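Working through the structure, step by step
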Amino acid sequence: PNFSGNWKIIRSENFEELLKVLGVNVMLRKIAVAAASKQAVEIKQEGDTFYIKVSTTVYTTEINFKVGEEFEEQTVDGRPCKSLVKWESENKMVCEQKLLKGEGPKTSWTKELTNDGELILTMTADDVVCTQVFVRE
Ligand SMILES: *C/C=C(C)/C=C/C=C(C)/C=C/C1=C(C)CCCC1(C)C
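Method information in the entry identifies X-ray crystallography as the source of the structure, with 1.96 Å recorded as the resolution.

Structure below.
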């Protein structure tokens, strides 16, 4: 279906708690929470090939992958990882990540298109799940 589009954030829950697990100190967590409320996501989907651009006020990152094929990106706190995306259903995908170097919490993300037209992103570190909700621009 239609993950493709320009998405703007309307809600962000538990992001600070996620960063805390990931070792980010309090002042930076607060500033990162503020940056997250300006998050925008651009998606182009062709079959199971995805191009995804996630940006805030001063930063932009591009993610390109094909479902089922390993690729490299970074974790939320910015560490290089190897990632692999699989479908969980018609309109939900789940990404498992593995650190390229060292150790750290187990991280992952999911993206889901709901029947109400929302895009739901979850990001996980161990026990803690951040949920962000987007709507089309
Ligand atoms: C498929 C969508 C993905 C994997 C989204 C990834 C988003 C991030 C890695 C966002 C990170 C951010 C920070 C680390 C602080 C600034 C605000 C965010 C949400 C852009």
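Helix and strand content of the protein: two helices and ten strands. Counting from the amino terminus, helix and strand elements in the protein follow one another as β-α-α-β-β-β-β-β-β-β-β-β. Based on the C-alpha atoms only, the size of the protein along its principal axes is roughly 40 × 30 × 25 Å. In the protein, of all internal contacts separated by at least 6 residues, the share reaching a separation of at least 24 is 39%. For the protein, the accessible surface area stands at approximately 8100 Å², while carbon and sulfur atoms represent 49% of it. Considering the protein, the positive charge centre built from 18 side chains and the negative charge centre built from 22 side chains are found 4 Å apart.

Reading across the sheet, the ten strands line up as β4-β3-β2-β1-β10-β9-β8-β7-β6-β5 and stay open at both edges, with antiparallel pairing between neighbours. Edge positions in the sheet fall to β4 (60-66) and β5 (71-74), since each has one partner strand and no second. This sheet shows a mean twist of 30° between the axes of neighbouring strands, independent of strand direction. Sheet analysis places β5 next to strand β6 (residues 80-89), joined by four bridges and oriented antiparallel. Bridged to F71 within β6 is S83.

Turning our eyes to something else, we now look at the site of the ligand. With respect to spatial proximity, the complete set of residues near the ligand consists of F15, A35, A36, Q39, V54, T56, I63, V76, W109, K111, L121 and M123. Protein coverage of the free-state accessible area of the ligand, which is 520 Å², stands at 82%. Sorting the residues of the shell around the ligand by element identifies α2 (26-36), β8 (107-113) and β9 (119-125) as the ones contributing at least two each. Taken together, the residues of the shell around the ligand sort by class into nine nonpolar, two polar and one charged.

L18, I43, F50, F65, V85 and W109 are the most contacted members of the largest nonpolar core, which has 28 residues in total. Here the element with the most residues in this core is β9; it accounts for four residues. Residues contacting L18, with those up to four places away along its chain left out, are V76, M123, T124, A125, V128 and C130.

Criteria and thresholds
- Here the residue numbering is sequential from 1 along each chain as its sequence is written and may not follow the entry numbering; residues with no coordinates are omitted from view.
- In computing side-chain values, all of the structure's heavy atoms are included and hydrogens and water are not.
- Strands here are runs of E lasting at least two residues and helices are runs of H or I lasting at least four, both read from the DSSP assignment and numbered beginning at the N terminus.
- Contacts are assigned to residue pairs that have any heavy atoms within 4.5 Å of one another.
- Computed with the Shrake-Rupley method and a 1.4 Å probe, the accessible areas treat only the protein chains shown as cover for residues.
- Only four residue types enter the tally: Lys and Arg on the positive side, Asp and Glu on the negative side; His and the chain ends are excluded.
- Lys charges are placed at NZ, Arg charges at CZ, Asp charges at CG and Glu charges at CD.
- Paired strands are those between which DSSP finds at least two bridges.
- Comment: axis = line fitted to C-alpha atoms, over the contacting stretch for helices; angle = value between 0 and 180 degrees taken between N-to-C directions.
- Nearness is judged by heavy atoms alone; a residue qualifies as near a molecule or strand once a single heavy atom is within 4 Å of it.
- When residues are grouped by polarity, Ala, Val, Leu, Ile, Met, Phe, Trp, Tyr, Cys and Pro land in nonpolar, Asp, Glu, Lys and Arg in charged, and all others, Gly among them, in polar.
- For our purposes a nonpolar core is just a set of buried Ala, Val, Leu, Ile, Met, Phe, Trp, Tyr and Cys residues, chained together by side-chain atoms within 4.5 Å.
- Type-normalised accessible area, obtained with a 1.4 Å probe on protein chains alone, sets the label of each residue: buried when under 20%, exposed when over 50%, and partly exposed for intermediate values.

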